[PDB]
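Below you'll find the structure, written out as structure tokens, and then a few comments.
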Amino acid sequence: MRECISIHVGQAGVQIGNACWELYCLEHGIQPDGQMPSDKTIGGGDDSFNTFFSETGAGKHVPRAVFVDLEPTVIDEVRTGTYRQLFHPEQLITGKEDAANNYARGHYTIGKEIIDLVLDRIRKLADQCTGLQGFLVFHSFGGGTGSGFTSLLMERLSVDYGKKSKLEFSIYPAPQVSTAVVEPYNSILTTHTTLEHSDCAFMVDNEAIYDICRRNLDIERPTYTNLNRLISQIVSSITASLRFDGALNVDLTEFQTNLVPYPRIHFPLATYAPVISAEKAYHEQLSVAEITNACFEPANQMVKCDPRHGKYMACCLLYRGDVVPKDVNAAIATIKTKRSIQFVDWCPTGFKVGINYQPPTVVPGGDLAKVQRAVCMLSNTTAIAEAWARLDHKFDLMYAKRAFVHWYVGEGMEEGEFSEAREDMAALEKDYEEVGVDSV
Amino acid sequence: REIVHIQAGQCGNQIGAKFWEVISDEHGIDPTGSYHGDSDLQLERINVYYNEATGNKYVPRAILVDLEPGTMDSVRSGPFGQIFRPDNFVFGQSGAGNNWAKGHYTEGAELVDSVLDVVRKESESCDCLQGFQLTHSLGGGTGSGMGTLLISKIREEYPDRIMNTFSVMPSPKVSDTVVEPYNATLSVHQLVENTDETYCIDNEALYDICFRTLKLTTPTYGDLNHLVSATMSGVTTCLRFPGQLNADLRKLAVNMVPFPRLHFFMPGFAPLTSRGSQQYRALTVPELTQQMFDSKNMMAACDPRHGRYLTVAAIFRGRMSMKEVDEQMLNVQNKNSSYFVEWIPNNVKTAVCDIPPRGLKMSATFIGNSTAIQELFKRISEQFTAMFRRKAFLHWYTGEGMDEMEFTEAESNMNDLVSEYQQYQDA
Ligand SMILES: *[C@H]1[C@@H](C)[C@H]2[C@@H]([C@H](O)[C@H]3[C@H]4[C@H]([C@H](OC(C)=O)[C@H](OC(C)=O)[C@@]32C)[C@]2(C)[C@H](C[C@@H]3O[C@@H]3[C@@H]2OC(C)=O)C(=O)[C@@H]4O)[C@]2(C)[C@@]1(O)OC(=O)[C@@]2(C)O
Ligand SMILES: Nc1nc2c(ncn2[C@@H]2O[C@H](COP(=O)(O)OP(=O)(O)OP(=O)(O)O)[C@@H](O)[C@H]2O)c(=O)[nH]1
Ligand SMILES: Nc1nc2c(ncn2[C@@H]2O[C@H](COP(=O)(O)OP(=O)(O)O)[C@@H](O)[C@H]2O)c(=O)[nH]1
Ligand SMILES: [Ca+2]
Ligand SMILES: [Mg+2]
Ligand SMILES: [Mg+2]
């Protein structure tokens with residue numbers, strides 16, 4: 001048991017979902033038709049991969065997942081694509097009219113028409129769990145559905161499932177691939193609304209991923225496909241602790257204990273390595289020391305910010321592949337003596353380490369070199385508040401003129417909701433400032 | 001004169017399993033529960049830890065407890081996993097998430113009555129139950145939170161029996177989560193009131209022994225546990241084999257505990273020899289004695305020279321000169337008399353058992369009630385305060401219904417414990 005249900009919301013959530021589940025299948029040896037020859041227990045089981053996959057009597061391994069979008073064309077590609085046999089038709093849910101990059105339409109006008117159906121389908125999955133751990137919710141900040149519907153769903157999930165854990169993978173907007181001027185509005189609105197209902201949220205800065213694809217993989221103009229394959233590797237690293245077993249494989253929930261010192265301070269910074277092309281990986285072994293060192297290069301971060309000018313409240317290292325504790329300990333020792341790693345005075349300075357022996361996997365036709373060992377660092381740093389600061393400033397510029405606000409008001413929202421949301425974000429920035437101040 | 005063993009949580013069940021492997025070997029019991037030894041000295045007091053079952057089998061009087069099935073599944077499939085009574089596996093599914101509150105107040109509260117039913121079944125088959133021994137960590141949630149809950153419940157139902165614990169203290173040096181100082185402080189609060197004897201096993205010390213002395217660059221928890229189970233075998237030798245000194249739990253307590261709250265012992269073991277050519281070297285009684293008193297052989301990271309011994313129990317194992325043992329023990333006291341409080345005359349007691357442990361021709365186990373143990377609690381207190389100052393990570397606990405006041409109270413009592421040690425260190 002300890003099942004995990006994934007919910008993929010809007011285009012970004014769905015398309016990232018595609019990449020994640022394809023990768024999971026390849027990591028576990030699950031075919032596109034759902035068959036898994038190595039699984040000798042037919043129709044069920046309590047293996048580690050069962051946290052993410054249920055099983056049918058016919059031997060099909062089915063993602064514990066729901067895909068939701070307010071228009072049909074993205075999910076329609078799942079329905080007709082390579083892994084269409086993987087999902088039951090009822091797991092893939094679509095409306096006919098999207099939120100038009102408007103939080104109001106995602107949370108209210110359009111979202112309300114489909115929310116009950118979505119919850120019913122999620123309930124169907126939950127009732128098949130013997131020990132449900134919680135939910136993972138994938139969505140953009142900037143889209144109308146990703147922002148508006150997600151926050152509606154999170155509110156309703158808190159009612160129907162209480163304090164059952166809810167984690168987010170949230171796509172933070174970047175101008176290189178953004179599709180709406182109002183994405184700062186949608187971002188602040190959903191962040192405010194979801195804050196009390198989320199236990200932990202992994203922000204993914206599209207610009208950070210964009211830069212990584214350009215610099216480390218020599219991709220001239222990254223597409224969502226490029227971005228999502230990288231993002232999936234990082235999500236896989238984080239969930240691998242749940243999907244594989246091993247003596248040194250520390251569960252994500254245990255990292256969470258360290259990562260969340262106060263309820264609102266639940267936004268870890270993810271850093272991943274190695275991201276390297278096949279051309280450059282050839283005849284190049286990246287050691288434990290090398291990939292570990294790369295975790296403190298801000299260019300490898302999932303969110304653009306500078307931890308060297310902030311304070312740490314936690315540092316977690318999630319290794320996978322050919323890695324043993326001896327080498328990790330040596331690597332960390334070196335880093336302790338050379339890097340800019342200052343902790344707040346109220347938390348221990350020790351790094352928490354987990355190791356999963358299953359090696360990193362890559363999708364065919366991908367950009368990433370297949371490597372023998374990889375690492376994802378999860379740190380709690382005051383620096384991540386930079387991301388809030390940038391968004392909040394963009395919000396302030398437009399809202400001072402009430403630009404585009406009539407679109408939200410026309411859908412029933414009030415200016416009070418905007419100022420309330422913005423005030424919460426101001427308080428959040430203040431929170432990250434306060435935790436960094438020394439104790440009396 | 002039966003003892004009921006309880007092992008709670010991951011650490012508790014893993015050291016617990018190791019303990020039963022070790023003493024089973026000593027008593028000649030194989031994984032099936034059959035005696036295949038060649039000495040009646042092995043069976044003379046085997047009733048203390050084992051029930052005799054049909055087919056002339058020996059079954060540990062052991063109850064295995066956890067809020068998640070993982071570790072106990074591994075115990076079941078372990079070397080001596082088959083020996084345990086299957087009905088004595090009591091486990092939930094939810095886990096405790098390294099949360100004392102979950103173990104003590106919510107998740108554990110749901111499971112504790114089931115455990116007590118098994119305790120009662122075992123106690124009813126005892127001719128004359130002397131008491132209980134618990135193995136657990138203080139840094140987690142189940143062993144710490146639910147373990148101290150169990151202790152409280154057991155005291156309520158058996159208020160005139162002895163409660164003994166092997167308690168693994170957390171250390172940043174060997175740590176799983178940052179909230180370990182919270183869990184430990186909350187637990188010490190319980191142990192000070194509800195145990196008669198507590199063996200303080202410091203993970204910091206276990207690591208330093210493995211690293212410095214035993215030359216292991218990268219010790220696993222399994223290697224830490226070899227030290228613990230060896231030590232546990234030593235300190236319980238007097239209970240398991242015929243002898244005069246500290247032959248039961250109450251007589252040990254009367255000898256070791258001059259004041260009821262000061263019942264936290266530093267255990268020690270010798271020899272601790274790194275692998276190589278010197279591993280085959282013959283050990284003399286003088287060398288054993290010196291090593292057993294050496295701070296580097298202590299299982300609690302405290303400097304004995306920073307305090308005074310209130311009481312000491314020493315137990316030698318193997319074929320050796322009783323005369324030489326007596327002479328060397330007297331030498332220690334007479335050559336270092338200032339470290340033994342003069343207001344407790346003759347406070348060092350020595351036992352000698354013929355049966356040595358596996359893989360050694362002779363060994364010595366040390367049990368000290370030293371005021372230096374205050375350093376251990378001071379460490380936890382400082383780590384506690386660093387976080388509690390800012391109420392860091394407290395939401396994990398308040399979410400289970402706990403209030404800040406309960407933390408304040410636990411901290412104050414542990415600080416009182418420290419000052420009580422300092423009082424007698426200066427007396
Ligand atoms: C860890 C490894 C360090 C453990 C190993 C054996 O079970 C342990 C043997 C033990 C070794 O002691 C040493 C190296 O000086 C060591 O245990 C330690 C260091 O704690 C071993 C290899 C032996 C050789 C013991 C016989 C004799 O008493 C001497 C020594 O133990 C003591 C008291 O120092 C044994 O023969 C032990 O088998 C493992 C398997 C290890 O690899 O992982 C474990 O769980 C372990 C402790 O069992
Ligand atoms: N990384 C990544 N980002 C995406 C992807 N698709 C969209 N985005 C980002 O998501 C934001 C727009 O939100 P969408 O998910 O497309 O919109 P939606 O959730 O479908 O909401 P509506 O279309 O308005 O109903 C922009 O910042 C995009 O850059 C994707 O596949 N991968
Ligand atoms: N010596 C030793 N300590 C352990 C072991 N497992 C966990 N610990 C320690 O115990 C604490 C964690 O408690 P744990 O027993 O895992 O949690 P629980 O299952 O909820 O009781 C930490 O301080 C760990 O360092 C073990 O096998 N051996
Ligand atoms: Ca199966
Ligand atoms: Mg859309
Ligand atoms: Mg544990």
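Ligands are numbered from 1 in the order shown, residues from 1 within each chain, and chains are lettered A, B, ... in the order they appear in the structure tokens.
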Q.
For ligand 1, return the neighbouring residues as a PyMOL selection string (distance at most 6 Å; only C-alpha atoms and all ligand atoms).
A. chain B and resi 214+222-223+226-227+272-275+359
Q) Could you write out as a list in words the residues of chain B within 9 Å of chain A, counting only C-alpha atoms? A) residues 93, 94, 97, 98, 172, 173, 175, 176, 177, 178, 179, 217, 218, 383, 385, 386, 387, 388, 389, 390, 391, 392, 393, 394, 395 and 396 of chain B
Q: Find the spatial neighbours of residue 293 in chain B, counting only C-alpha atoms, within a cut-off of 8 Å - ignore same-chain residues fewer than 5 positions away - and output them as a PyMOL selection string.
A: chain B and resi 268+298+366
Would you put the residues from that selection into a file with C-alpha atoms, as a PDB file, in the first residue's frame?
```pdb
ATOM      1  CA  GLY B 268      30.938  -0.355  27.983  1.00  0.00           C
ATOM      2  CA  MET B 298      31.976   3.445  26.415  1.00  0.00           C
ATOM      3  CA  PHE B 366      30.955  -2.307  32.000  1.00  0.00           C
TER       4      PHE B 366
END
```
Q) CA of residue 204 in chain A and CA of residue 169 in chain A, how far apart in Å? A)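 CA of residue 204 in chain A lies 7.1 Å from CA of residue 169 in chain A.
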Q) range 214-402 of chain A: which residues are helix (DSSP H, G or I) by DSSP, as a VMD selection string? A) chain A and resid 214 to 216 224 to 243 252 to 259 278 to 281 288 to 294 298 to 300 307 to 309 325 to 338 382 to 399
How would the residues just chosen look if you wrote them out with C-alpha atoms as a PDB file, in the first residue's frame?
```pdb
ATOM      1  CA  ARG A 214      20.156  25.483 -24.448  1.00  0.00           C
ATOM      2  CA  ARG A 215      23.464  25.363 -22.585  1.00  0.00           C
ATOM      3  CA  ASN A 216      23.891  21.739 -21.461  1.00  0.00           C
ATOM      4  CA  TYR A 224       7.881  21.624 -24.643  1.00  0.00           C
ATOM      5  CA  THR A 225       9.036  18.129 -25.614  1.00  0.00           C
ATOM      6  CA  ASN A 226      12.626  19.090 -24.779  1.00  0.00           C
ATOM      7  CA  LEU A 227      11.580  20.760 -21.522  1.00  0.00           C
ATOM      8  CA  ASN A 228       9.290  17.945 -20.407  1.00  0.00           C
ATOM      9  CA  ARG A 229      11.775  15.127 -20.907  1.00  0.00           C
ATOM     10  CA  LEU A 230      14.223  16.925 -18.624  1.00  0.00           C
ATOM     11  CA  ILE A 231      11.483  17.748 -16.096  1.00  0.00           C
ATOM     12  CA  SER A 232      10.418  14.084 -16.080  1.00  0.00           C
ATOM     13  CA  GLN A 233      13.921  12.989 -15.070  1.00  0.00           C
ATOM     14  CA  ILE A 234      13.733  15.303 -12.082  1.00  0.00           C
ATOM     15  CA  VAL A 235      10.230  14.177 -11.110  1.00  0.00           C
ATOM     16  CA  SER A 236      11.398  10.573 -11.488  1.00  0.00           C
ATOM     17  CA  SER A 237      14.333  11.229  -9.145  1.00  0.00           C
ATOM     18  CA  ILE A 238      11.938  12.601  -6.539  1.00  0.00           C
ATOM     19  CA  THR A 239       9.394   9.770  -6.865  1.00  0.00           C
ATOM     20  CA  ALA A 240      11.979   6.983  -7.285  1.00  0.00           C
ATOM     21  CA  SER A 241      12.103   6.827  -3.490  1.00  0.00           C
ATOM     22  CA  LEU A 242       8.462   5.712  -3.626  1.00  0.00           C
ATOM     23  CA  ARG A 243       8.603   3.437  -6.678  1.00  0.00           C
ATOM     24  CA  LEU A 252      10.174  11.173   0.197  1.00  0.00           C
ATOM     25  CA  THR A 253       8.015  11.670   3.300  1.00  0.00           C
ATOM     26  CA  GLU A 254      11.147  11.480   5.446  1.00  0.00           C
ATOM     27  CA  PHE A 255      12.868  14.179   3.387  1.00  0.00           C
ATOM     28  CA  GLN A 256       9.691  16.252   3.801  1.00  0.00           C
ATOM     29  CA  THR A 257      10.097  16.214   7.586  1.00  0.00           C
ATOM     30  CA  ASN A 258      13.392  18.044   7.113  1.00  0.00           C
ATOM     31  CA  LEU A 259      12.241  20.206   4.199  1.00  0.00           C
ATOM     32  CA  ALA A 278      25.521  11.888 -25.670  1.00  0.00           C
ATOM     33  CA  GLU A 279      28.266  13.574 -27.694  1.00  0.00           C
ATOM     34  CA  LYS A 280      29.892  14.914 -24.526  1.00  0.00           C
ATOM     35  CA  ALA A 281      29.081  11.963 -22.253  1.00  0.00           C
ATOM     36  CA  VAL A 288      29.796  10.967  -7.464  1.00  0.00           C
ATOM     37  CA  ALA A 289      31.985  13.915  -6.486  1.00  0.00           C
ATOM     38  CA  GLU A 290      31.425  15.613  -9.837  1.00  0.00           C
ATOM     39  CA  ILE A 291      27.632  15.276  -9.967  1.00  0.00           C
ATOM     40  CA  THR A 292      27.365  16.222  -6.291  1.00  0.00           C
ATOM     41  CA  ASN A 293      29.439  19.363  -6.862  1.00  0.00           C
ATOM     42  CA  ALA A 294      27.171  20.257  -9.780  1.00  0.00           C
ATOM     43  CA  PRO A 298      23.025  27.546  -9.700  1.00  0.00           C
ATOM     44  CA  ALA A 299      22.898  26.931 -13.467  1.00  0.00           C
ATOM     45  CA  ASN A 300      21.659  23.405 -12.714  1.00  0.00           C
ATOM     46  CA  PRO A 307      21.293  30.227  -2.795  1.00  0.00           C
ATOM     47  CA  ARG A 308      24.795  31.656  -2.279  1.00  0.00           C
ATOM     48  CA  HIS A 309      23.094  34.907  -1.223  1.00  0.00           C
ATOM     49  CA  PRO A 325      27.861   5.918   0.820  1.00  0.00           C
ATOM     50  CA  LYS A 326      31.678   6.047   1.017  1.00  0.00           C
ATOM     51  CA  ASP A 327      31.903   8.188  -2.118  1.00  0.00           C
ATOM     52  CA  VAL A 328      28.955  10.381  -1.109  1.00  0.00           C
ATOM     53  CA  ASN A 329      30.552  11.110   2.263  1.00  0.00           C
ATOM     54  CA  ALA A 330      33.876  12.020   0.646  1.00  0.00           C
ATOM     55  CA  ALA A 331      32.108  14.250  -1.889  1.00  0.00           C
ATOM     56  CA  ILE A 332      30.141  16.084   0.795  1.00  0.00           C
ATOM     57  CA  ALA A 333      33.280  16.549   2.902  1.00  0.00           C
ATOM     58  CA  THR A 334      34.974  18.389   0.031  1.00  0.00           C
ATOM     59  CA  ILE A 335      31.920  20.583  -0.573  1.00  0.00           C
ATOM     60  CA  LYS A 336      31.651  21.532   3.103  1.00  0.00           C
ATOM     61  CA  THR A 337      35.096  23.145   2.868  1.00  0.00           C
ATOM     62  CA  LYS A 338      34.744  25.021  -0.441  1.00  0.00           C
ATOM     63  CA  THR A 382      15.484  31.493   1.463  1.00  0.00           C
ATOM     64  CA  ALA A 383      16.716  32.190  -2.074  1.00  0.00           C
ATOM     65  CA  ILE A 384      13.634  30.590  -3.656  1.00  0.00           C
ATOM     66  CA  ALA A 385      11.672  33.657  -2.544  1.00  0.00           C
ATOM     67  CA  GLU A 386      13.387  35.464  -5.432  1.00  0.00           C
ATOM     68  CA  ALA A 387      10.917  33.672  -7.682  1.00  0.00           C
ATOM     69  CA  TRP A 388       8.033  35.147  -5.686  1.00  0.00           C
ATOM     70  CA  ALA A 389       9.610  38.608  -5.819  1.00  0.00           C
ATOM     71  CA  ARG A 390       9.890  38.596  -9.615  1.00  0.00           C
ATOM     72  CA  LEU A 391       6.292  37.424 -10.118  1.00  0.00           C
ATOM     73  CA  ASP A 392       4.879  39.815  -7.521  1.00  0.00           C
ATOM     74  CA  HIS A 393       6.604  42.747  -9.215  1.00  0.00           C
ATOM     75  CA  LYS A 394       5.094  41.830 -12.589  1.00  0.00           C
ATOM     76  CA  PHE A 395       1.739  41.551 -10.807  1.00  0.00           C
ATOM     77  CA  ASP A 396       2.144  45.006  -9.246  1.00  0.00           C
ATOM     78  CA  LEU A 397       3.035  46.699 -12.544  1.00  0.00           C
ATOM     79  CA  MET A 398      -0.195  45.614 -14.223  1.00  0.00           C
ATOM     80  CA  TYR A 399      -2.515  45.715 -11.220  1.00  0.00           C
TER      81      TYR A 399
END
```
Within 6 Å of ligand 2 (counting only C-alpha atoms and all ligand atoms), which residues show up? I'd like them as a JSON list (two decimals) with C-alpha atoms, in the first residue's frame.
```json
[["chain", "number", "residue", "atom", "x", "y", "z"],
["A", 10, "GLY", "CA", -4.22, 21.51, -17.99],
["A", 11, "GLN", "CA", -1.86, 21.33, -20.96],
["A", 12, "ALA", "CA", 1.38, 21.64, -18.99],
["A", 15, "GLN", "CA", 2.05, 16.89, -21.29],
["A", 16, "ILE", "CA", 4.47, 16.59, -18.37],
["A", 70, "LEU", "CA", -11.11, 21.88, -19.95],
["A", 98, "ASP", "CA", -10.90, 25.89, -21.92],
["A", 99, "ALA", "CA", -10.26, 28.62, -19.34],
["A", 100, "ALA", "CA", -8.80, 31.04, -21.91],
["A", 101, "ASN", "CA", -5.79, 31.82, -19.70],
["A", 102, "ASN", "CA", -8.21, 33.16, -17.08],
["A", 140, "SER", "CA", 1.11, 25.33, -14.69],
["A", 142, "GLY", "CA", 0.11, 30.57, -15.90],
["A", 143, "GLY", "CA", -2.75, 28.74, -17.60],
["A", 144, "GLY", "CA", -6.40, 29.31, -16.78],
["A", 145, "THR", "CA", -6.97, 25.64, -16.03],
["A", 146, "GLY", "CA", -3.56, 25.01, -14.47],
["A", 173, "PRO", "CA", 6.18, 31.01, -16.14],
["A", 177, "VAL", "CA", 7.49, 29.99, -23.92],
["A", 178, "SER", "CA", 4.67, 31.80, -22.08],
["A", 179, "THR", "CA", 1.35, 32.21, -23.90],
["A", 206, "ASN", "CA", 10.48, 27.12, -17.36],
["A", 224, "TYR", "CA", 7.88, 21.62, -24.64],
["A", 227, "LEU", "CA", 11.58, 20.76, -21.52],
["A", 228, "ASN", "CA", 9.29, 17.95, -20.41]]
```
I'd like the neighbourhood of residue 203 in chain A as a PDB file with N, CA, C and O atoms, in the first residue's frame, where a residue qualifies if any of its atoms comes within 10 Å (using only C-alpha atoms), though same-chain residues fewer than 6 positions away should be ignored.
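Result file follows (around.pdb):
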```pdb
ATOM      1  N   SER A 140       0.442  24.055 -14.485  1.00  0.00           N
ATOM      2  CA  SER A 140       1.113  25.334 -14.691  1.00  0.00           C
ATOM      3  C   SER A 140       0.548  26.394 -13.752  1.00  0.00           C
ATOM      4  O   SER A 140      -0.591  26.286 -13.292  1.00  0.00           O
ATOM      5  N   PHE A 141       1.355  27.412 -13.471  1.00  0.00           N
ATOM      6  CA  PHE A 141       0.894  28.603 -12.766  1.00  0.00           C
ATOM      7  C   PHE A 141       0.122  29.526 -13.705  1.00  0.00           C
ATOM      8  O   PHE A 141      -0.800  30.223 -13.284  1.00  0.00           O
ATOM      9  N   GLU A 168       2.682  19.229  -4.985  1.00  0.00           N
ATOM     10  CA  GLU A 168       2.580  19.865  -6.294  1.00  0.00           C
ATOM     11  C   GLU A 168       3.887  19.827  -7.067  1.00  0.00           C
ATOM     12  O   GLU A 168       4.972  19.948  -6.496  1.00  0.00           O
ATOM     13  N   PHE A 169       3.758  19.659  -8.377  1.00  0.00           N
ATOM     14  CA  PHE A 169       4.790  20.057  -9.316  1.00  0.00           C
ATOM     15  C   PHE A 169       4.197  21.196 -10.130  1.00  0.00           C
ATOM     16  O   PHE A 169       3.272  20.992 -10.920  1.00  0.00           O
ATOM     17  N   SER A 170       4.711  22.399  -9.894  1.00  0.00           N
ATOM     18  CA  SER A 170       4.130  23.621 -10.441  1.00  0.00           C
ATOM     19  C   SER A 170       5.053  24.262 -11.466  1.00  0.00           C
ATOM     20  O   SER A 170       6.221  24.529 -11.177  1.00  0.00           O
ATOM     21  N   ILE A 171       4.524  24.518 -12.659  1.00  0.00           N
ATOM     22  CA  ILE A 171       5.317  25.114 -13.725  1.00  0.00           C
ATOM     23  C   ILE A 171       5.231  26.634 -13.665  1.00  0.00           C
ATOM     24  O   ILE A 171       4.181  27.235 -13.907  1.00  0.00           O
ATOM     25  N   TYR A 172       6.367  27.231 -13.331  1.00  0.00           N
ATOM     26  CA  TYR A 172       6.513  28.666 -13.136  1.00  0.00           C
ATOM     27  C   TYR A 172       6.808  29.334 -14.485  1.00  0.00           C
ATOM     28  O   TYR A 172       7.616  28.830 -15.262  1.00  0.00           O
ATOM     29  N   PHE A 267       8.392  25.034  -0.058  1.00  0.00           N
ATOM     30  CA  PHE A 267       8.818  25.110  -1.454  1.00  0.00           C
ATOM     31  C   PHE A 267      10.298  24.757  -1.632  1.00  0.00           C
ATOM     32  O   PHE A 267      11.155  25.639  -1.613  1.00  0.00           O
ATOM     33  N   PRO A 268      10.603  23.462  -1.805  1.00  0.00           N
ATOM     34  CA  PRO A 268      12.005  23.073  -1.983  1.00  0.00           C
ATOM     35  C   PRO A 268      12.580  23.485  -3.335  1.00  0.00           C
ATOM     36  O   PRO A 268      11.860  23.510  -4.340  1.00  0.00           O
ATOM     37  N   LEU A 269      13.870  23.809  -3.343  1.00  0.00           N
ATOM     38  CA  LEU A 269      14.604  24.057  -4.575  1.00  0.00           C
ATOM     39  C   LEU A 269      15.220  22.753  -5.056  1.00  0.00           C
ATOM     40  O   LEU A 269      15.965  22.105  -4.320  1.00  0.00           O
ATOM     41  N   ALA A 270      14.905  22.369  -6.287  1.00  0.00           N
ATOM     42  CA  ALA A 270      15.463  21.161  -6.873  1.00  0.00           C
ATOM     43  C   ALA A 270      16.645  21.504  -7.774  1.00  0.00           C
ATOM     44  O   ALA A 270      16.582  22.449  -8.563  1.00  0.00           O
ATOM     45  N   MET A 302      16.380  24.118 -10.748  1.00  0.00           N
ATOM     46  CA  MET A 302      15.063  24.107 -11.377  1.00  0.00           C
ATOM     47  C   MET A 302      14.380  25.464 -11.313  1.00  0.00           C
ATOM     48  O   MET A 302      13.413  25.713 -12.036  1.00  0.00           O
ATOM     49  N   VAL A 303      14.871  26.320 -10.425  1.00  0.00           N
ATOM     50  CA  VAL A 303      14.351  27.670 -10.275  1.00  0.00           C
ATOM     51  C   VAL A 303      15.515  28.643 -10.286  1.00  0.00           C
ATOM     52  O   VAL A 303      16.511  28.435  -9.593  1.00  0.00           O
ATOM     53  N   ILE A 384      14.745  30.915  -2.763  1.00  0.00           N
ATOM     54  CA  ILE A 384      13.634  30.590  -3.656  1.00  0.00           C
ATOM     55  C   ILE A 384      12.586  31.702  -3.659  1.00  0.00           C
ATOM     56  O   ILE A 384      11.778  31.801  -4.581  1.00  0.00           O
ATOM     57  N   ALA A 387      11.918  34.016  -6.684  1.00  0.00           N
ATOM     58  CA  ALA A 387      10.917  33.672  -7.682  1.00  0.00           C
ATOM     59  C   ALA A 387       9.598  34.370  -7.377  1.00  0.00           C
ATOM     60  O   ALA A 387       8.926  34.852  -8.286  1.00  0.00           O
TER      61      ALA A 387
END
```
Q: Write out as number ranges by chain the residues lying within 7 Å of residue 357 in chain A, counting only C-alpha atoms and excluding same-chain residues fewer than 5 positions away.
A: A: 320-322
For the residues in that selection, give me N, CA and C atoms as a PDB file, in the first residue's frame.
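In the end it all went to again_8.pdb:
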```
ATOM      1  N   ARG A 320      20.764   8.257  -7.455  1.00  0.00           N
ATOM      2  CA  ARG A 320      20.314   7.027  -8.088  1.00  0.00           C
ATOM      3  C   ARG A 320      21.406   6.437  -8.986  1.00  0.00           C
ATOM      4  N   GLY A 321      21.491   5.108  -8.998  1.00  0.00           N
ATOM      5  CA  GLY A 321      22.449   4.401  -9.830  1.00  0.00           C
ATOM      6  C   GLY A 321      23.679   3.922  -9.076  1.00  0.00           C
ATOM      7  N   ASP A 322      24.814   3.918  -9.770  1.00  0.00           N
ATOM      8  CA  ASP A 322      26.069   3.407  -9.225  1.00  0.00           C
ATOM      9  C   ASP A 322      26.668   4.366  -8.202  1.00  0.00           C
TER      10      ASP A 322
END
```
**Q.** Proximity to ligand 3 - best of A:188, A:126, A:25, A:248, only C-alpha atoms and all ligand atoms
**A.** A:248
Q. Can you list, as an MDAnalysis selection string, every protein, DNA or RNA residue that comes within 12 Å of residue 289 in chain B when you count only C-alpha atoms, leaving out same-chain residues fewer than 3 positions away?
A. chainID B and resid 268:271 283:286 292:294 297 314:317 324:333 350 362:366
Please, could you write that set of residues out with C-alpha atoms as a PDB file, in the first residue's frame?
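Contents of the output file again.pdb:
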```pdb
ATOM      1  CA  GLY B 268      30.938  -0.355  27.983  1.00  0.00           C
ATOM      2  CA  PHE B 269      32.515  -3.367  26.291  1.00  0.00           C
ATOM      3  CA  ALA B 270      35.954  -4.930  25.833  1.00  0.00           C
ATOM      4  CA  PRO B 271      37.853  -6.021  23.880  1.00  0.00           C
ATOM      5  CA  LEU B 283      44.284 -10.650  26.069  1.00  0.00           C
ATOM      6  CA  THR B 284      45.295 -10.520  29.733  1.00  0.00           C
ATOM      7  CA  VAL B 285      43.016  -9.653  32.660  1.00  0.00           C
ATOM      8  CA  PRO B 286      44.861  -6.371  33.326  1.00  0.00           C
ATOM      9  CA  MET B 292      36.590  -1.778  29.927  1.00  0.00           C
ATOM     10  CA  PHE B 293      37.110   1.429  31.934  1.00  0.00           C
ATOM     11  CA  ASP B 294      38.462   3.303  28.898  1.00  0.00           C
ATOM     12  CA  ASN B 297      35.070   1.674  25.028  1.00  0.00           C
ATOM     13  CA  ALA B 314      31.535  -5.008  35.993  1.00  0.00           C
ATOM     14  CA  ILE B 315      31.102  -8.478  34.522  1.00  0.00           C
ATOM     15  CA  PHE B 316      33.930 -10.626  33.182  1.00  0.00           C
ATOM     16  CA  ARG B 317      33.291 -13.565  30.857  1.00  0.00           C
ATOM     17  CA  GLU B 324      43.546 -11.640  39.111  1.00  0.00           C
ATOM     18  CA  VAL B 325      40.136 -10.118  38.358  1.00  0.00           C
ATOM     19  CA  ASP B 326      39.732  -9.059  41.999  1.00  0.00           C
ATOM     20  CA  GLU B 327      43.247  -7.605  42.109  1.00  0.00           C
ATOM     21  CA  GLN B 328      42.810  -5.581  38.915  1.00  0.00           C
ATOM     22  CA  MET B 329      39.372  -4.256  39.874  1.00  0.00           C
ATOM     23  CA  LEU B 330      40.787  -3.085  43.203  1.00  0.00           C
ATOM     24  CA  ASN B 331      43.707  -1.510  41.339  1.00  0.00           C
ATOM     25  CA  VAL B 332      41.357   0.605  39.221  1.00  0.00           C
ATOM     26  CA  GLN B 333      39.482   1.906  42.259  1.00  0.00           C
ATOM     27  CA  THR B 350      32.203  -7.497  40.007  1.00  0.00           C
ATOM     28  CA  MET B 362      37.369 -13.547  27.274  1.00  0.00           C
ATOM     29  CA  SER B 363      35.515 -10.249  27.511  1.00  0.00           C
ATOM     30  CA  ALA B 364      34.342  -7.651  30.006  1.00  0.00           C
ATOM     31  CA  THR B 365      31.163  -5.570  30.084  1.00  0.00           C
ATOM     32  CA  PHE B 366      30.955  -2.307  32.000  1.00  0.00           C
TER      33      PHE B 366
END
```
